[PDB]
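Raw contents of data_6.pdb, PDB, C-alpha atoms and all ligand atoms:
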```pdb
ATOM      1  CA  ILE Y   1     -33.942  -7.027 -26.047
ATOM      2  CA  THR Y   2     -34.951  -5.918 -29.560
ATOM      3  CA  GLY Y   3     -36.174  -2.345 -29.860
ATOM      4  CA  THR Y   4     -35.522   1.237 -30.876
ATOM      5  CA  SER Y   5     -32.351   3.025 -29.770
ATOM      6  CA  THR Y   6     -32.927   6.216 -27.871
ATOM      7  CA  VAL Y   7     -31.479   8.569 -25.285
ATOM      8  CA  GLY Y   8     -32.722   9.020 -21.748
ATOM      9  CA  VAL Y   9     -31.643  11.298 -18.914
ATOM     10  CA  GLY Y  10     -30.819  10.684 -15.281
ATOM     11  CA  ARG Y  11     -28.922  11.585 -12.126
ATOM     12  CA  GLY Y  12     -25.900   9.592 -10.919
ATOM     13  CA  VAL Y  13     -24.668   8.750  -7.400
ATOM     14  CA  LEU Y  14     -23.108  12.184  -6.866
ATOM     15  CA  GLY Y  15     -26.231  14.047  -8.021
ATOM     16  CA  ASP Y  16     -24.869  14.978 -11.474
ATOM     17  CA  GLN Y  17     -27.139  14.900 -14.513
ATOM     18  CA  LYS Y  18     -26.207  12.907 -17.592
ATOM     19  CA  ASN Y  19     -27.596  11.444 -20.802
ATOM     20  CA  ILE Y  20     -27.651   7.677 -21.222
ATOM     21  CA  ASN Y  21     -28.236   5.388 -24.213
ATOM     22  CA  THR Y  22     -31.327   3.266 -23.703
ATOM     23  CA  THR Y  23     -33.474   0.928 -25.841
ATOM     24  CA  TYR Y  24     -37.234   1.255 -26.165
ATOM     25  CA  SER Y  25     -39.606  -1.687 -26.381
ATOM     26  CA  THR Y  26     -42.735  -1.121 -24.278
ATOM     27  CA  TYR Y  27     -40.356  -0.172 -21.467
ATOM     28  CA  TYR Y  28     -37.113   1.779 -21.739
ATOM     29  CA  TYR Y  29     -34.145  -0.519 -20.937
ATOM     30  CA  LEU Y  30     -30.560   0.218 -19.945
ATOM     31  CA  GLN Y  31     -29.182  -1.252 -23.120
ATOM     32  CA  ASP Y  32     -26.783   0.893 -25.157
ATOM     33  CA  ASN Y  33     -26.741  -0.317 -28.766
ATOM     34  CA  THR Y  34     -24.226   2.257 -29.936
ATOM     35  CA  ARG Y  35     -21.126   0.490 -28.517
ATOM     36  CA  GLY Y  36     -20.082  -2.905 -29.928
ATOM     37  CA  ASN Y  37     -22.532  -5.712 -29.215
ATOM     38  CA  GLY Y  38     -23.983  -3.563 -26.436
ATOM     39  CA  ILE Y  39     -23.752  -2.336 -22.878
ATOM     40  CA  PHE Y  40     -26.362  -3.912 -20.556
ATOM     41  CA  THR Y  41     -27.188  -2.866 -17.023
ATOM     42  CA  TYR Y  42     -29.123  -5.144 -14.649
ATOM     43  CA  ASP Y  43     -30.877  -4.803 -11.321
ATOM     44  CA  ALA Y  44     -29.802  -7.458  -8.759
ATOM     45  CA  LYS Y  45     -32.627  -6.290  -6.390
ATOM     46  CA  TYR Y  46     -30.423  -6.625  -3.252
ATOM     47  CA  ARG Y  47     -29.804 -10.341  -3.933
ATOM     48  CA  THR Y  48     -26.600 -12.178  -4.819
ATOM     49  CA  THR Y  49     -28.256 -13.941  -7.742
ATOM     50  CA  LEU Y  50     -26.737 -12.790 -11.045
ATOM     51  CA  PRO Y  51     -27.191 -11.048 -13.328
ATOM     52  CA  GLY Y  52     -30.681 -10.053 -12.120
ATOM     53  CA  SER Y  53     -33.187  -8.293 -14.395
ATOM     54  CA  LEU Y  54     -32.244  -6.088 -17.286
ATOM     55  CA  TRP Y  55     -33.035  -2.593 -16.009
ATOM     56  CA  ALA Y  56     -36.508  -1.448 -17.201
ATOM     57  CA  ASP Y  57     -37.972   2.006 -16.789
ATOM     58  CA  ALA Y  58     -41.380   3.377 -17.736
ATOM     59  CA  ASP Y  59     -40.552   6.895 -18.877
ATOM     60  CA  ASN Y  60     -36.855   7.051 -19.834
ATOM     61  CA  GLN Y  61     -36.174   9.457 -16.930
ATOM     62  CA  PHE Y  62     -33.848   8.120 -14.221
ATOM     63  CA  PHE Y  63     -34.005  10.544 -11.308
ATOM     64  CA  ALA Y  64     -35.087   8.202  -8.490
ATOM     65  CA  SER Y  65     -32.463   7.517  -5.870
ATOM     66  CA  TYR Y  66     -32.818   3.744  -6.567
ATOM     67  CA  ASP Y  67     -31.834   4.605 -10.209
ATOM     68  CA  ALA Y  68     -28.544   6.399  -9.481
ATOM     69  CA  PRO Y  69     -26.114   3.449  -9.294
ATOM     70  CA  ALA Y  70     -27.548   2.056 -12.561
ATOM     71  CA  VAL Y  71     -27.201   5.372 -14.359
ATOM     72  CA  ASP Y  72     -23.530   5.609 -13.433
ATOM     73  CA  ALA Y  73     -22.658   1.953 -14.043
ATOM     74  CA  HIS Y  74     -24.286   2.226 -17.477
ATOM     75  CA  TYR Y  75     -22.692   5.574 -18.393
ATOM     76  CA  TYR Y  76     -19.151   4.868 -17.064
ATOM     77  CA  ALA Y  77     -19.079   1.470 -18.806
ATOM     78  CA  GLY Y  78     -19.639   3.466 -21.999
ATOM     79  CA  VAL Y  79     -16.835   5.948 -21.244
ATOM     80  CA  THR Y  80     -14.438   3.060 -20.526
ATOM     81  CA  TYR Y  81     -15.454   1.351 -23.811
ATOM     82  CA  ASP Y  82     -14.748   4.688 -25.589
ATOM     83  CA  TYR Y  83     -11.366   5.021 -23.896
ATOM     84  CA  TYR Y  84     -10.267   1.564 -25.109
ATOM     85  CA  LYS Y  85     -11.602   2.092 -28.649
ATOM     86  CA  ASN Y  86     -10.303   5.616 -29.199
ATOM     87  CA  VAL Y  87      -7.000   5.364 -27.444
ATOM     88  CA  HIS Y  88      -5.859   1.778 -27.946
ATOM     89  CA  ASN Y  89      -7.956   0.569 -30.882
ATOM     90  CA  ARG Y  90      -9.429  -2.165 -28.761
ATOM     91  CA  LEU Y  91     -13.035  -3.168 -29.295
ATOM     92  CA  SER Y  92     -14.473  -4.039 -25.846
ATOM     93  CA  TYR Y  93     -12.604  -6.262 -23.395
ATOM     94  CA  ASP Y  94     -12.045  -9.259 -25.691
ATOM     95  CA  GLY Y  95     -11.009  -7.115 -28.661
ATOM     96  CA  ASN Y  96     -13.978  -8.373 -30.635
ATOM     97  CA  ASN Y  97     -16.807  -6.177 -29.203
ATOM     98  CA  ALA Y  98     -18.128  -8.504 -26.461
ATOM     99  CA  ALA Y  99     -21.253  -7.172 -24.731
ATOM    100  CA  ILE Y 100     -20.481  -5.466 -21.421
ATOM    101  CA  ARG Y 101     -22.777  -6.435 -18.573
ATOM    102  CA  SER Y 102     -23.033  -4.811 -15.137
ATOM    103  CA  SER Y 103     -25.331  -5.557 -12.199
ATOM    104  CA  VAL Y 104     -26.055  -3.015  -9.480
ATOM    105  CA  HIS Y 105     -27.806  -3.242  -6.069
ATOM    106  CA  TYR Y 106     -25.870  -6.426  -5.358
ATOM    107  CA  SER Y 107     -26.651  -7.809  -1.907
ATOM    108  CA  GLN Y 108     -27.248  -5.544   1.101
ATOM    109  CA  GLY Y 109     -24.702  -3.114   2.443
ATOM    110  CA  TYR Y 110     -22.010  -4.629   0.207
ATOM    111  CA  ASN Y 111     -18.844  -2.590   0.294
ATOM    112  CA  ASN Y 112     -17.189  -3.773  -2.902
ATOM    113  CA  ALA Y 113     -17.372  -4.221  -6.668
ATOM    114  CA  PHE Y 114     -15.829  -6.882  -8.883
ATOM    115  CA  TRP Y 115     -15.563  -8.639 -12.207
ATOM    116  CA  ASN Y 116     -16.864 -12.203 -11.742
ATOM    117  CA  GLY Y 117     -15.347 -13.676 -14.916
ATOM    118  CA  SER Y 118     -18.313 -12.720 -17.118
ATOM    119  CA  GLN Y 119     -19.680  -9.378 -15.860
ATOM    120  CA  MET Y 120     -19.192  -6.472 -13.464
ATOM    121  CA  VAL Y 121     -20.980  -6.351 -10.127
ATOM    122  CA  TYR Y 122     -21.439  -3.320  -7.812
ATOM    123  CA  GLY Y 123     -22.526  -3.156  -4.206
ATOM    124  CA  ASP Y 124     -24.385  -0.152  -2.747
ATOM    125  CA  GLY Y 125     -21.978   0.188   0.204
ATOM    126  CA  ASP Y 126     -23.208   0.643   3.788
ATOM    127  CA  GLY Y 127     -23.535   4.440   3.495
ATOM    128  CA  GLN Y 128     -20.652   4.842   5.956
ATOM    129  CA  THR Y 129     -17.522   3.336   4.403
ATOM    130  CA  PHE Y 130     -18.815   3.476   0.814
ATOM    131  CA  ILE Y 131     -21.609   4.914  -1.218
ATOM    132  CA  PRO Y 132     -22.709   2.941  -4.300
ATOM    133  CA  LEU Y 133     -19.508   1.900  -5.998
ATOM    134  CA  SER Y 134     -20.463   2.570  -9.614
ATOM    135  CA  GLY Y 135     -20.268   6.280  -8.639
ATOM    136  CA  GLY Y 136     -16.499   6.233  -9.181
ATOM    137  CA  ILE Y 137     -15.295   6.180 -12.774
ATOM    138  CA  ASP Y 138     -11.858   4.944 -11.640
ATOM    139  CA  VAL Y 139     -13.663   2.050  -9.834
ATOM    140  CA  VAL Y 140     -15.738   1.098 -12.969
ATOM    141  CA  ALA Y 141     -12.652   1.271 -15.233
ATOM    142  CA  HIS Y 142     -10.639  -0.729 -12.666
ATOM    143  CA  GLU Y 143     -13.186  -3.561 -12.743
ATOM    144  CA  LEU Y 144     -13.623  -3.570 -16.525
ATOM    145  CA  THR Y 145      -9.853  -3.613 -16.899
ATOM    146  CA  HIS Y 146      -9.732  -6.965 -15.101
ATOM    147  CA  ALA Y 147     -11.739  -8.308 -18.048
ATOM    148  CA  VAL Y 148      -9.148  -6.887 -20.495
ATOM    149  CA  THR Y 149      -6.299  -8.439 -18.491
ATOM    150  CA  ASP Y 150      -8.088 -11.821 -18.307
ATOM    151  CA  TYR Y 151      -8.400 -11.855 -22.143
ATOM    152  CA  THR Y 152      -4.812 -10.859 -22.769
ATOM    153  CA  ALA Y 153      -1.933 -11.547 -20.331
ATOM    154  CA  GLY Y 154      -4.181 -13.676 -18.060
ATOM    155  CA  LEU Y 155      -2.210 -12.751 -14.955
ATOM    156  CA  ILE Y 156      -3.064 -15.166 -12.166
ATOM    157  CA  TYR Y 157      -4.676 -13.507  -9.097
ATOM    158  CA  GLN Y 158      -1.915 -14.528  -6.656
ATOM    159  CA  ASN Y 159       1.422 -13.167  -5.382
ATOM    160  CA  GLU Y 160       3.408 -10.912  -7.764
ATOM    161  CA  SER Y 161       1.434 -11.741 -10.897
ATOM    162  CA  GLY Y 162      -1.721 -10.833  -8.962
ATOM    163  CA  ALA Y 163      -0.267  -7.521  -7.732
ATOM    164  CA  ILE Y 164       0.558  -6.684 -11.355
ATOM    165  CA  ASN Y 165      -3.015  -7.627 -12.313
ATOM    166  CA  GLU Y 166      -4.244  -5.101  -9.624
ATOM    167  CA  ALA Y 167      -1.827  -2.320 -10.569
ATOM    168  CA  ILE Y 168      -2.834  -2.547 -14.264
ATOM    169  CA  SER Y 169      -6.502  -2.028 -13.244
ATOM    170  CA  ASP Y 170      -5.557   0.937 -10.952
ATOM    171  CA  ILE Y 171      -3.337   2.424 -13.710
ATOM    172  CA  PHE Y 172      -5.997   2.161 -16.410
ATOM    173  CA  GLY Y 173      -8.774   3.124 -13.972
ATOM    174  CA  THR Y 174      -6.828   6.339 -13.445
ATOM    175  CA  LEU Y 175      -6.075   6.901 -17.148
ATOM    176  CA  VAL Y 176      -9.746   6.505 -17.922
ATOM    177  CA  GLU Y 177     -10.541   8.995 -15.123
ATOM    178  CA  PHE Y 178      -8.141  11.473 -16.814
ATOM    179  CA  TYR Y 179      -9.753  10.693 -20.203
ATOM    180  CA  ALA Y 180     -13.243  11.688 -18.949
ATOM    181  CA  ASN Y 181     -11.475  14.623 -17.355
ATOM    182  CA  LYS Y 182     -13.674  15.617 -14.402
ATOM    183  CA  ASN Y 183     -11.401  16.265 -11.390
ATOM    184  CA  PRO Y 184      -8.877  13.540 -12.287
ATOM    185  CA  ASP Y 185      -6.273  12.516  -9.732
ATOM    186  CA  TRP Y 186      -3.837   9.700  -8.913
ATOM    187  CA  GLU Y 187      -5.959   8.373  -6.053
ATOM    188  CA  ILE Y 188      -8.305   5.378  -6.227
ATOM    189  CA  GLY Y 189     -11.986   5.435  -5.177
ATOM    190  CA  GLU Y 190     -12.064   8.936  -3.681
ATOM    191  CA  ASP Y 191     -15.534   9.718  -5.089
ATOM    192  CA  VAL Y 192     -17.236   6.769  -3.343
ATOM    193  CA  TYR Y 193     -15.091   6.109  -0.250
ATOM    194  CA  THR Y 194     -16.099   7.471   3.220
ATOM    195  CA  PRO Y 195     -18.694  10.109   2.326
ATOM    196  CA  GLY Y 196     -18.151  11.559   5.804
ATOM    197  CA  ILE Y 197     -14.410  12.282   5.407
ATOM    198  CA  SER Y 198     -13.129  14.523   2.642
ATOM    199  CA  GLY Y 199      -9.722  14.213   0.956
ATOM    200  CA  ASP Y 200      -9.098  10.481   1.501
ATOM    201  CA  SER Y 201      -9.276   7.475  -0.871
ATOM    202  CA  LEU Y 202      -8.793   3.719  -0.850
ATOM    203  CA  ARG Y 203      -5.314   3.683  -2.414
ATOM    204  CA  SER Y 204      -2.899   6.326  -3.645
ATOM    205  CA  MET Y 205      -0.738   5.884  -6.749
ATOM    206  CA  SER Y 206       1.231   9.079  -6.102
ATOM    207  CA  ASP Y 207       2.020   8.076  -2.511
ATOM    208  CA  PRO Y 208       0.975   4.490  -1.695
ATOM    209  CA  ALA Y 209       2.498   4.682   1.795
ATOM    210  CA  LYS Y 210      -0.116   7.263   2.798
ATOM    211  CA  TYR Y 211      -2.428   4.238   3.510
ATOM    212  CA  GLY Y 212       0.273   1.805   4.577
ATOM    213  CA  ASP Y 213       0.952   0.273   1.148
ATOM    214  CA  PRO Y 214       4.549  -0.381   0.023
ATOM    215  CA  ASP Y 215       6.266   2.036  -2.344
ATOM    216  CA  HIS Y 216       9.463   0.050  -2.577
ATOM    217  CA  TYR Y 217      10.191  -3.574  -3.341
ATOM    218  CA  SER Y 218      12.133  -3.948  -0.066
ATOM    219  CA  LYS Y 219       8.861  -3.249   1.728
ATOM    220  CA  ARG Y 220       6.805  -5.883  -0.074
ATOM    221  CA  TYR Y 221       4.273  -7.970   1.788
ATOM    222  CA  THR Y 222       5.288 -11.652   1.899
ATOM    223  CA  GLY Y 223       2.426 -13.206   3.850
ATOM    224  CA  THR Y 224      -0.739 -14.941   2.710
ATOM    225  CA  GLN Y 225      -3.496 -12.355   3.320
ATOM    226  CA  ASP Y 226      -5.264 -10.905   0.293
ATOM    227  CA  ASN Y 227      -3.946 -13.748  -1.888
ATOM    228  CA  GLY Y 228      -0.347 -12.896  -1.071
ATOM    229  CA  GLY Y 229      -0.964  -9.130  -0.973
ATOM    230  CA  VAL Y 230      -2.396  -8.490  -4.443
ATOM    231  CA  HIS Y 231      -4.006  -5.188  -3.318
ATOM    232  CA  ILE Y 232      -0.984  -4.294  -1.141
ATOM    233  CA  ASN Y 233       2.104  -4.861  -3.280
ATOM    234  CA  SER Y 234       0.322  -3.216  -6.208
ATOM    235  CA  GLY Y 235       1.505   0.034  -4.572
ATOM    236  CA  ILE Y 236       5.059  -0.735  -5.762
ATOM    237  CA  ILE Y 237       3.943  -0.868  -9.413
ATOM    238  CA  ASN Y 238       1.485   2.028  -9.037
ATOM    239  CA  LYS Y 239       4.328   4.245  -7.746
ATOM    240  CA  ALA Y 240       6.499   3.179 -10.700
ATOM    241  CA  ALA Y 241       3.701   4.099 -13.102
ATOM    242  CA  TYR Y 242       3.101   7.423 -11.363
ATOM    243  CA  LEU Y 243       6.824   8.210 -11.650
ATOM    244  CA  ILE Y 244       7.065   7.263 -15.342
ATOM    245  CA  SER Y 245       4.232   9.655 -16.072
ATOM    246  CA  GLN Y 246       4.772  12.579 -13.723
ATOM    247  CA  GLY Y 247       8.436  12.244 -12.747
ATOM    248  CA  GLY Y 248      10.004  12.865  -9.357
ATOM    249  CA  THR Y 249      12.753  11.738  -7.014
ATOM    250  CA  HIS Y 250      11.971   8.657  -4.959
ATOM    251  CA  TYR Y 251      14.431   7.039  -2.546
ATOM    252  CA  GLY Y 252      17.100   9.237  -4.113
ATOM    253  CA  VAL Y 253      16.477   8.127  -7.689
ATOM    254  CA  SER Y 254      15.385  10.824 -10.110
ATOM    255  CA  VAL Y 255      12.910  10.083 -12.900
ATOM    256  CA  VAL Y 256      12.061  12.357 -15.824
ATOM    257  CA  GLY Y 257       8.339  12.161 -16.437
ATOM    258  CA  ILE Y 258       7.081  11.375 -19.960
ATOM    259  CA  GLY Y 259       3.354  11.971 -19.400
ATOM    260  CA  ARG Y 260       0.144   9.952 -19.245
ATOM    261  CA  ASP Y 261      -0.397   9.161 -22.911
ATOM    262  CA  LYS Y 262       3.007   7.521 -23.265
ATOM    263  CA  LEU Y 263       2.496   5.661 -19.951
ATOM    264  CA  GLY Y 264      -0.766   4.211 -21.318
ATOM    265  CA  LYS Y 265       0.820   3.234 -24.638
ATOM    266  CA  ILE Y 266       3.771   1.488 -22.991
ATOM    267  CA  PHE Y 267       1.702  -0.399 -20.421
ATOM    268  CA  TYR Y 268      -1.008  -1.438 -22.897
ATOM    269  CA  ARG Y 269       1.678  -2.881 -25.213
ATOM    270  CA  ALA Y 270       3.315  -4.712 -22.281
ATOM    271  CA  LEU Y 271      -0.065  -6.141 -21.247
ATOM    272  CA  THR Y 272      -1.169  -7.335 -24.674
ATOM    273  CA  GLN Y 273       2.172  -8.340 -26.218
ATOM    274  CA  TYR Y 274       4.657  -9.404 -23.512
ATOM    275  CA  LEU Y 275       3.052 -10.284 -20.177
ATOM    276  CA  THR Y 276       1.995 -13.872 -19.374
ATOM    277  CA  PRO Y 277      -0.080 -15.470 -16.581
ATOM    278  CA  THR Y 278       2.929 -16.025 -14.269
ATOM    279  CA  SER Y 279       4.859 -12.806 -14.938
ATOM    280  CA  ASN Y 280       6.539 -11.368 -11.824
ATOM    281  CA  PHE Y 281       7.743  -7.818 -11.089
ATOM    282  CA  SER Y 282      11.134  -8.344 -12.739
ATOM    283  CA  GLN Y 283       9.372  -9.654 -15.839
ATOM    284  CA  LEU Y 284       7.076  -6.615 -15.797
ATOM    285  CA  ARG Y 285      10.153  -4.347 -15.832
ATOM    286  CA  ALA Y 286      11.565  -6.243 -18.839
ATOM    287  CA  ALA Y 287       8.215  -6.149 -20.647
ATOM    288  CA  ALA Y 288       7.828  -2.428 -20.035
ATOM    289  CA  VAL Y 289      11.408  -1.663 -21.208
ATOM    290  CA  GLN Y 290      10.903  -3.764 -24.358
ATOM    291  CA  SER Y 291       7.537  -2.017 -25.002
ATOM    292  CA  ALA Y 292       9.068   1.463 -24.713
ATOM    293  CA  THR Y 293      11.929   0.287 -26.967
ATOM    294  CA  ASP Y 294       9.457  -0.955 -29.588
ATOM    295  CA  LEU Y 295       7.623   2.335 -29.592
ATOM    296  CA  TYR Y 296      10.385   4.969 -29.124
ATOM    297  CA  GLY Y 297      13.816   3.397 -29.691
ATOM    298  CA  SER Y 298      16.401   1.869 -27.371
ATOM    299  CA  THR Y 299      18.132   5.232 -26.843
ATOM    300  CA  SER Y 300      14.948   7.188 -26.109
ATOM    301  CA  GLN Y 301      14.195   9.259 -23.043
ATOM    302  CA  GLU Y 302      11.145   7.036 -22.768
ATOM    303  CA  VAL Y 303      13.138   3.851 -22.294
ATOM    304  CA  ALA Y 304      15.404   5.756 -19.898
ATOM    305  CA  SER Y 305      12.521   6.947 -17.727
ATOM    306  CA  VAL Y 306      11.033   3.429 -17.519
ATOM    307  CA  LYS Y 307      14.373   2.085 -16.233
ATOM    308  CA  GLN Y 308      14.824   4.857 -13.656
ATOM    309  CA  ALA Y 309      11.207   4.430 -12.426
ATOM    310  CA  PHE Y 310      11.690   0.747 -11.774
ATOM    311  CA  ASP Y 311      15.149   1.402 -10.170
ATOM    312  CA  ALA Y 312      13.446   4.001  -7.906
ATOM    313  CA  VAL Y 313      11.014   1.353  -6.601
ATOM    314  CA  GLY Y 314      13.709  -1.305  -6.272
ATOM    315  CA  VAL Y 315      12.578  -3.629  -9.049
ATOM    316  CA  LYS Y 316      15.533  -5.073 -10.952
TER     317      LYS Y 316
HETATM  318 CA    CA U   1     -38.226   6.579 -14.659
HETATM  319 CA    CA U   2     -11.179  12.143  -8.970
HETATM  320 CA    CA U   3      -9.377   8.766  -8.783
HETATM  321 CA    CA U   4     -14.058  10.108   1.769
HETATM  322 ZN    ZN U   5      -8.929  -5.217  -8.811
END
```
Encoding of this model in C-alpha cells:
Amino acid sequence: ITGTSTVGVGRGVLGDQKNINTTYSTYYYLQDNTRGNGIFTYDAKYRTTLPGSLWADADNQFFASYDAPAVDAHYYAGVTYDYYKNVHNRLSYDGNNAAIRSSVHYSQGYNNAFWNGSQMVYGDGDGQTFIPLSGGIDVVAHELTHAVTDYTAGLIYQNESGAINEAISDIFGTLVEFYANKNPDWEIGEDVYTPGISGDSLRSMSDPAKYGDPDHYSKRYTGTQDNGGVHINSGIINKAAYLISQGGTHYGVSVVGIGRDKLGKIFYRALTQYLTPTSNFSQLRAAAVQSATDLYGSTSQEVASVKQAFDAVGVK
C-alpha cells in the first residue's frame, strides 16, 4: 500500500520485544519500505489460500498473541535481507531487490514452513511438536535461502542436487543466526521445535547422526522417501560445512577450521558462480575447491581445509 513509513513495536513468539518497520495509511501495515522494494507480511487466517491479507493493525502495537508469528516473520525477513546485503552484496533473493512476502497462520496445526516459489509460508505448529515456525531465525533464513538458490544455481529438489539445495539453506540459516548473534548454534530449529523438551532440535550440523542423519557419504540414503532423502543426506554436506568452519577430526581425518566468514564466502561463490541445477556432491566439492582457490589461492590453508573436510565426509 502507499503510505508513511514508521516504526511499531511488538512481541515475538518467544516473548521478546522488538521494533518493526511498518507503513501507515489509516491502518498500520506490516510493510517495511526501508529494504529494497519492500518486506510484506500477510495473514492467512488459518486457511491455505495465499497470500491472505496484508497484515493491518489499528495502533502500531503488536502485543497480542495472534500477532507474534507476524512480528517475527516480518522482523527476521529483514535481518536475513540485511545479512545478504551487508555480507554478500546481494540485494534481496533475485539480486535486484525483489519484494519479500511472507504469510503466517497458514492452515491449522501446520507443523512446517516453506518457500512456495513466490513467497514464504509459516504454519503455527500444533503446540506440541512445534510452536509458530517464524519464531526461529534459522528457520526463516533457511526458507528465504531457497529463494536465493532458485534464482542462482537452481538446484533441482531431488536426490543429491536436492540434498545440496537443503544443506545450503541450513548453512546460510545458521550463518544468519550467527549474524544476528542471539544464542547462535549449529543446530536447526531449536527455538521452535518441541517446546516441552529442552536441548533438542530438528537437525544438527555439528553432529547430524544425533538424529539419525548421515555424516558420511557411505551412509547416504538411497531410497525414494523425502524426494530421495533431500532432508536426510543434507547431513553429509552440513557436517562438511561445520568442519570447514570449526575444524575437528571426523572418521580419522583432521580438518583445520577457517571460521564462519570464510565458510560463507566460499559457499556463496560456489552457489552463485559454479553450481548448476543437476550438480551432485562430487561437483559441489569441485565447486567449493575452485571457489576457495579463486578467493585465497591454490596453495592456501583455505583450499586445504575444504579438501580435508570433504575427504572426512567421504565425498571425492
Ligand atoms: Ca495492535
Ligand atoms: Ca539458537
Ligand atoms: Ca539454530
Ligand atoms: Ca525442544
Ligand atoms: Zn529446505
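Proximity of Y:31, Y:128, Y:279, Y:204 to residue 189 (chain Y), computed with only C-alpha atoms, is greatest for Y:204.
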Contact table chain Y vs ligand CA 2 (chain U), cut-off 10 Å, shortest pair per residue, all atoms listed in the file, as JSON lines:
```
{"residue": "Y:136", "atom": "CA", "partner": "U:CA2", "partner_atom": "CA", "distance": 8.0}
{"residue": "Y:137", "atom": "CA", "partner": "U:CA2", "partner_atom": "CA", "distance": 8.2}
{"residue": "Y:138", "atom": "CA", "partner": "U:CA2", "partner_atom": "CA", "distance": 7.7}
{"residue": "Y:174", "atom": "CA", "partner": "U:CA2", "partner_atom": "CA", "distance": 8.5}
{"residue": "Y:177", "atom": "CA", "partner": "U:CA2", "partner_atom": "CA", "distance": 6.9}
{"residue": "Y:178", "atom": "CA", "partner": "U:CA2", "partner_atom": "CA", "distance": 8.4}
{"residue": "Y:181", "atom": "CA", "partner": "U:CA2", "partner_atom": "CA", "distance": 8.7}
{"residue": "Y:182", "atom": "CA", "partner": "U:CA2", "partner_atom": "CA", "distance": 6.9}
{"residue": "Y:183", "atom": "CA", "partner": "U:CA2", "partner_atom": "CA", "distance": 4.8}
{"residue": "Y:184", "atom": "CA", "partner": "U:CA2", "partner_atom": "CA", "distance": 4.3}
{"residue": "Y:185", "atom": "CA", "partner": "U:CA2", "partner_atom": "CA", "distance": 5.0}
{"residue": "Y:186", "atom": "CA", "partner": "U:CA2", "partner_atom": "CA", "distance": 7.7}
{"residue": "Y:187", "atom": "CA", "partner": "U:CA2", "partner_atom": "CA", "distance": 7.1}
{"residue": "Y:188", "atom": "CA", "partner": "U:CA2", "partner_atom": "CA", "distance": 7.8}
{"residue": "Y:189", "atom": "CA", "partner": "U:CA2", "partner_atom": "CA", "distance": 7.7}
{"residue": "Y:190", "atom": "CA", "partner": "U:CA2", "partner_atom": "CA", "distance": 6.2}
{"residue": "Y:191", "atom": "CA", "partner": "U:CA2", "partner_atom": "CA", "distance": 6.3}
{"residue": "Y:192", "atom": "CA", "partner": "U:CA2", "partner_atom": "CA", "distance": 9.9}
{"residue": "Y:201", "atom": "CA", "partner": "U:CA2", "partner_atom": "CA", "distance": 9.5}
```
Give the residues close to ligand CA 1 (chain U), within 12 Å, counting all atoms listed in the file; write them as a ChimeraX atom specification.
-> /Y:8-11,22,27-30,55-68,70-71
Which protein, DNA or RNA residues have an atom within 7 Å of ligand CA 4 (chain U), counting all atoms listed in the file, as number ranges by chain?
-> Y: 190, 192-201
Convert the output of the PyMOL selection byres (((not hetatm)) within 9 of (chain U and resi 5)) on the shown file into explicit residues, formatted as a ChimeraX atom specification.
-> /Y:113-115,139,142-143,145-146,165-170,230-231
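Our summary of the geometry notes that CA of residue 313 (chain Y) is positioned 25.8 Å from CA of residue 148 (chain Y).
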Would you translate the PyMOL selection byres (((chain Y and resi 293) around 12) and not hetatm) into the concrete set of residues it matches in this file, as JSON, numbers by chain?
-> {"Y": [265, 266, 269, 270, 286, 287, 288, 289, 290, 291, 292, 294, 295, 296, 297, 298, 299, 300, 301, 302, 303, 304, 305, 306, 307]}
Can you work out the spacing between CA of residue 16 (chain Y) and CA of residue 203 (chain Y) in Å, to one decimal?
-> 24.3 Å
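In this comparison, which uses only C-alpha atoms and all ligand atoms, the residue of Y:206, Y:152, Y:119, Y:249 approaching ligand CA 3 (chain U) most closely is Y:206.
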Would you mind listing what lies within 10 Å of residue 157 (chain Y) as JSON, numbers by chain, with all atoms listed in the file counted and same-chain residues fewer than 4 positions away left out?
-> {"Y": [150, 161, 162, 163, 164, 165, 166, 226, 227, 228, 229, 230, 277, 278]}
Could region 266-275 of chain Y be completed with N, CA and C atoms and returned as a PDB file, keeping the file's coordinate frame?
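Saved the output as out-v6.pdb:
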```
ATOM      1  N   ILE Y 266       2.758   2.452 -23.386  1.00  0.00           N
ATOM      2  CA  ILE Y 266       3.771   1.488 -22.991  1.00  0.00           C
ATOM      3  C   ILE Y 266       3.166   0.333 -22.209  1.00  0.00           C
ATOM      4  N   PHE Y 267       2.285   0.643 -21.261  1.00  0.00           N
ATOM      5  CA  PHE Y 267       1.702  -0.399 -20.421  1.00  0.00           C
ATOM      6  C   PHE Y 267       0.689  -1.278 -21.159  1.00  0.00           C
ATOM      7  N   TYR Y 268      -0.090  -0.670 -22.057  1.00  0.00           N
ATOM      8  CA  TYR Y 268      -1.008  -1.438 -22.897  1.00  0.00           C
ATOM      9  C   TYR Y 268      -0.222  -2.433 -23.787  1.00  0.00           C
ATOM     10  N   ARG Y 269       0.855  -1.977 -24.411  1.00  0.00           N
ATOM     11  CA  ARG Y 269       1.678  -2.881 -25.213  1.00  0.00           C
ATOM     12  C   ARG Y 269       2.281  -4.008 -24.354  1.00  0.00           C
ATOM     13  N   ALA Y 270       2.754  -3.686 -23.153  1.00  0.00           N
ATOM     14  CA  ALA Y 270       3.315  -4.712 -22.281  1.00  0.00           C
ATOM     15  C   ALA Y 270       2.246  -5.768 -21.923  1.00  0.00           C
ATOM     16  N   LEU Y 271       1.055  -5.287 -21.579  1.00  0.00           N
ATOM     17  CA  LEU Y 271      -0.065  -6.141 -21.247  1.00  0.00           C
ATOM     18  C   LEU Y 271      -0.485  -7.119 -22.357  1.00  0.00           C
ATOM     19  N   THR Y 272      -0.538  -6.619 -23.581  1.00  0.00           N
ATOM     20  CA  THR Y 272      -1.169  -7.335 -24.674  1.00  0.00           C
ATOM     21  C   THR Y 272      -0.153  -8.110 -25.494  1.00  0.00           C
ATOM     22  N   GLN Y 273       1.132  -7.810 -25.322  1.00  0.00           N
ATOM     23  CA  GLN Y 273       2.172  -8.340 -26.218  1.00  0.00           C
ATOM     24  C   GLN Y 273       3.219  -9.183 -25.466  1.00  0.00           C
ATOM     25  N   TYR Y 274       3.496  -8.851 -24.200  1.00  0.00           N
ATOM     26  CA  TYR Y 274       4.657  -9.404 -23.512  1.00  0.00           C
ATOM     27  C   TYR Y 274       4.389 -10.057 -22.168  1.00  0.00           C
ATOM     28  N   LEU Y 275       3.325  -9.671 -21.481  1.00  0.00           N
ATOM     29  CA  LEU Y 275       3.052 -10.284 -20.177  1.00  0.00           C
ATOM     30  C   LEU Y 275       2.368 -11.646 -20.355  1.00  0.00           C
TER      31      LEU Y 275
END
```
